[PDB]
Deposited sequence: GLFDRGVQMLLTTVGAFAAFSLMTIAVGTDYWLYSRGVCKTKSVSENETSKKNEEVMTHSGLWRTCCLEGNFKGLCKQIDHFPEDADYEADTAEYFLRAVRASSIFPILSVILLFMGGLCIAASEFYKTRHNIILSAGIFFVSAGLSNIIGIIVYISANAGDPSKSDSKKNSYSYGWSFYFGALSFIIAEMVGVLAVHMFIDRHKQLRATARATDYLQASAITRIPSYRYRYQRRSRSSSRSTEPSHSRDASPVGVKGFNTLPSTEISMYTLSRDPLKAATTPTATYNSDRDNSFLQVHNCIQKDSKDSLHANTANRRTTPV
């Protein structure tokens, strides 16, 4: 039904945005074995921005990861240094949320729901590129933390919500043809 579909789209959009925002701000992406603070190797957090230390003589200390301690490698290093792709995923999810909010008001436009669908799909694609860039940048034991999987779950939910938005727009234009 239309009401249930719209509610489920809105809830999914909010969930995806919240998950991606948490992931891009929290620090538990990679349980590697690095250095807490330098200039003895122990376990670490190593998020997207700050590599907090754990299980060492001093815990909880965080330093900004040393991005830039080969132009092909330089561009990847730059793209990982910022999180243009994770951040862009967050922005696109936010803009999709704005579109869905404008759906209820100022309605009968029928092209803002399409916009929401396009934004959610694009957010998913941005997220996947971000994940690949991140995993590639760390190839130079380990494990992935819950913030990484929050990013992944965000991707899946964003794709589902995009499907819902596109399907919902198709109905409007079917109704608007009957």
Unmodelled intervals of the deposited chain, in order: 1 to 3, 43 to 53, 84 to 90, 162 to 171, 210 to 322
